Structure formats: C-alpha cells, structure tokens
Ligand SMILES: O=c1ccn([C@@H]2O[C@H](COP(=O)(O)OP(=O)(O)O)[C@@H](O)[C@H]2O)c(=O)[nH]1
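Next up is one chain by itself, shown in structure tokens, the form solved without this ligand.
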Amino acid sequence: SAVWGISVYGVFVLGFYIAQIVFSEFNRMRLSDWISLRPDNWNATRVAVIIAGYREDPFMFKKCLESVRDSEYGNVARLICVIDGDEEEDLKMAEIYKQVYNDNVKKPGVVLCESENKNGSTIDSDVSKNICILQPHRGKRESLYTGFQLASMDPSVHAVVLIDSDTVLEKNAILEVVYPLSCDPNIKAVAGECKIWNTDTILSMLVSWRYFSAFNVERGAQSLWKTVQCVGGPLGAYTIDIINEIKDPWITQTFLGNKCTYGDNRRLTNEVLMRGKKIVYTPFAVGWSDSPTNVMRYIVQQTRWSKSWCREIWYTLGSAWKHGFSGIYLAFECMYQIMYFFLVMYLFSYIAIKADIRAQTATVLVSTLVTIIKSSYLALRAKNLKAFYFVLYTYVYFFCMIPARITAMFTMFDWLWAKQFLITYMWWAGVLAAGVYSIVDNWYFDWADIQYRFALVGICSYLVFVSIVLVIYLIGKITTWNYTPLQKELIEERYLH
C-alpha cells in the first residue's frame, strides 16, 4: 500500500530525473560539437522573420522591432508584420512600425484564410520591401497563415522564424535557431529557448525558473531524441516545405481555444511530427518574454493550458505511435506526469487521514532535500546563484496547479467565476481544514521521546529554512539584486519615455 506507493514514487522519479539530466547533457554536448565545426560568417540559409500580435503595448512592440533589427544574421530576406485588426485603435501598432521600419503598410479588405485565392500575390506585389498587413480582426491563427503565404511566394527563402510581438531576441538568436536545420536534412523545425525578463514579483521569479528548468530538461531530452513537441512561439524555426505542406490541415482544424488569441502552435508541431520529420531544440537561441504577476490570471491560464495539455497529449500519443523504435518517449513523459499527479494526490490524502508526525517529517525532509538538489543543479547549469529560489516553487505549485488540473478534468468530464475559482477556493478550504485537524489531533508535548523531539526539530528546521529564504528574497528586492539586467535598462528606457 503506502510502502509500495512510496517505493514506486522514489524509484520511478529518480530514474526519470536521471534520464532527463543525462539526455540534456548529451544533447548539449552534441549541439556544441555540431556548432564547433561550422565556418565563421555562415549565412547559407535564407530566412524570413514573421511577427504577429494584437493589442500589444507600443513600447514592447518597438523594443521587439529594434531587437529584430539588431540581429547579426546576414541572410535575412524580409520582415513580415501582421496585425489582427483594422480599427482606429489598431493603427497605433502600424504607426509604431513605421517609426522603426519602412512605411509600406497595406490594409487589405479580405482575409486569405476565408478567400478563394489563398496565394500571397493577391495582397502583395513586391517582395524586396518589407510589408505590413492590417487584416480584419479574425484571430492569431489567421495572422500566421498570412505570414506563411507571404513568405512562401518568394522561392529565395528556405526557412521562417516565428516570434511574438513582445519577444526580445539576442544578436545571434536567429543564426543559432536556423543553423541546426542544415546540419541534418531530416530536421524541419528548431525550438528556441525562452526567458522571462521581469522578475519583480515572487510569482514571476518562480515561473521564470520553472520555465528555465523545463527548457533545460524536457526540451533538452526531446532534442536529443529528435522528437521535440514544444515548438513554436515565442521563438522557433520552420522550414518552408513542411509549412507549405501542413498549412491547410492546420487552418482547417476546428478551434475551440481562446477567442482571437492563443494561436495553435501545438497542432502545427503535431502535424510535423506525424509525418515522420525529426525536430531538434537548441538553448543557444535566447528569447525574452513577460509573465503575468496575478495569481488568479496564473491559475486560469494554467487551467486552460491543462485542458490543452490533455487534448495534445492524446493527439501526440496518436501521432507518435508511428515511429516504431522511437516516439515512445512522449508517451513515457505522459505516463510520468499522470502518475506523478496521482501519487501527489494520494500522498496528500494519506497524510491528511493518518495524521502522524513521524511520517510527515520524513516526507517533508525528503521533499526539501530533492528540491534543494534540483535547485543546486539548476544553479550549476545556469551559473547563477539566484536559482536557489526554486525551493519556493513547491508552495505555489501545490496551491495553484492542483486546482487548475482538477478544474480542467471537471470541465471535460463526461457563473463565470463559479467554474474558474470555486474549485480553487474549495481546495484551499479543504487544505486548511486538513491542517487544522492535523494540528488538533497531534496537539501534545513530550520531550522524553526521541521521535517527538526529532519530528519537532525537523519541523523547526524546515520553517527556519523557509523563513531564511523568504528574508533573503525580501532583502534582495530592496537591493534590486534579483532584478534582471535586461529589466533594469528597460525600466530606465520606459522612465525616459
């Protein structure tokens, strides 16, 4: 029962984590070996940059345009900017674009996705000059298709780069994200690493470290196995042939996601994968994007992402049960996540019901130990001392993800805030009631027993460590040490207006 569950948890989690670490290390070594053999000033591959956005801050859009203009790639054909809207408010983005780039702004009255002639020559005539499109407001997916059509009409290009309207790119991000495409002809898509620039909130730093760890281990293992699922925004690469082949199936699929938002980059990668085309991911290409600072917004978008995750894990299992020897790694990750969630729920229920101080201290101690080991590994890999803040991610995970997944599975099982936040409130109330019952049931003091002394010492040490971490974070905020160097200059530039 409990012994079997804890043993299975330990062995399976340790094996899976070791596998991810070794796979990420091997992928990094292989990528470094591939990069070390390339010649200097390599610009053989011709690529085009496509930018899509809607209701984007003009400052962030201007910074993204400047970062695109700061790229050192010497084989850039053109820049495609598509705005999902043709209203008076949407003209601010076009005006901002005219300040950073040419004034070649077009306002077609039709949408290529809903027109008989889907070719890009209907709305474009010259490919030498950069073009800006102000289409009627339809959605993010429609904007991507127009960019693909505009890039497809030029036979000179060989690949495309997809970034968000708020993405900040390094001077070598474009070259690094398109270099591995020519290394292996079987590679048709490359994923780019994404970082969070703003870290002025306790939630923002935690989600930034979570994203960094995700890109480091899961995407690294997927890159090593050449079966990457996380491909798309805010930084990615795609070859012209695969997008030309799969543009129609991607846009003809029924969409039930966010209205005029959340362009389906998941199903595009699924379409690439189901055709037997290998996909790799690189961490050298670095992209910068913002993160929400509201816990409620975080919870609701996690619920939406959990629903997505369900549909796309079914889809990717169906698509990856074709590779034969390979393709089972995604299914293994799926079962790993499902069993991890199930065992966390079972362990929490067991701890709530049995209410014994002996086992709870051991469980919290081993959880703290493994979290500290993970944080130390993250700090060693990132060469940054700020990665130790990941120990606080367990609290936000337990308090936000579990209600989000519960709501996601309840929605798809067999009043706007009732279906979004009532489940979280009930979960919090249940956790509080379980804690109160545990404290009341075990309310006693006995210093003549070593086991009680050991449990009390462990609890006191855990609380002391948590308080020390919180104090370190608080003093770091005042000294502005935790602030990203990119964030500081962005804040100064915003202050200068």
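Residue numbers here begin at 1 and follow the sequence given. Whichever C-alpha set is largest while still superposing within 1.5 Å between the two forms counts as the rigid core.
Worksheet item: Between 325-333 and 77-85, which one strays more from this form in 4 other deposited structures of this protein if you match the rigid core and compare Cα atoms?
Response: Per-stretch check in 4 other deposited structures of this protein: the more divergent one is 325-333.
Worksheet item: Once the rigid core is matched, which of the two stretches, 4-12 or 486-494, lies farther off on average in 4 other deposited structures of this protein by C-alpha?
Response: Greater root mean square C-alpha distance in 4 other deposited structures of this protein: 4-12.
Worksheet item: Are coordinates for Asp414 absent in a third or more of the other compared PDB entries?
Response: Yes: coordinates for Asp414 absent from at least a third of the compared entries.
Practice prompt. Could you tell me how many residues of the deposited sequence sit unmodelled between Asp414 and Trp415 (none, 1 to 3, 4 to 9, 10 or more)?
Written response: Going from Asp414 to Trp415, the model skips 10 or more residues of the deposited sequence.
The protein also exists as the form deposited with this ligand bound; that form is not presented, and the subsequent description refers to it.
Fill in: Pocket accessibility when this ligand, as posed in the deposited bound form, is superimposed onto this form, judged at 2.4 Å from backbone or C-beta
By the 2.4 Å criterion, blocked.
Worksheet item: Does the trio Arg46, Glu72 and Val157 actually contact this ligand in the deposited bound form, every residue with a heavy atom within 4.5 Å?
Response: No residue of the spot touches this ligand in the deposited bound form.
Worksheet item: For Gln420, is any heavy atom within 4.5 Å of this ligand in the deposited bound form, or not?
Response: Answer no; every heavy atom of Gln420 is more than 4.5 Å from this ligand in the deposited bound form.
Discussion item. Since only the chain is shown here, I'm wondering whether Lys386 would be in contact with this ligand in the deposited bound form (any heavy atom pair within 4.5 Å).
Written reply: Output for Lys386 is no: heavy atoms all beyond 4.5 Å of this ligand.
Fill in: is_contact(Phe26, this ligand) in the deposited bound form, heavy atom dist at most 4.5 Å
Looking in the deposited bound form, residue contacts with this ligand do not include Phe26, since no heavy atom lies within 4.5 Å.
Item to complete: State yes or no: in the deposited bound form, is some non-hydrogen atom of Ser152 no more than 4.5 angstroms from a non-hydrogen atom of this ligand?
Response: Although this ligand is absent here, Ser152 would stay clear of it in the deposited bound form, with no heavy atoms inside 4.5 Å.
Item to complete: Scan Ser165, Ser208, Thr316, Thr227 and let me know which has any heavy atom within 4.5 Å of this ligand in the deposited bound form.
Response: It is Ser165 that has a heavy atom within 4.5 Å of the partner.
Item to complete: Only one of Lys277, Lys247, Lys140, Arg78 comes within 4.5 Å of this ligand in the deposited bound form by heavy atoms, so just point that one out.
Response: Contact with this ligand in the deposited bound form is made by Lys140 alone.
Worksheet item: Okay, which stretch from 140-148, 107-115, 324-332, 173-181 lines this ligand in the deposited bound form, with non-hydrogen atoms inside 4.5 Å?
Response: Flagged stretch: 140-148.
Practice prompt. Check each residue of 62-93 against this ligand in the deposited bound form and list those with a heavy atom within 4.5 Å, in sequence order.
Written response: If the 4.5 Å heavy-atom criterion is applied to this ligand in the deposited bound form, 62-93 yields only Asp84.
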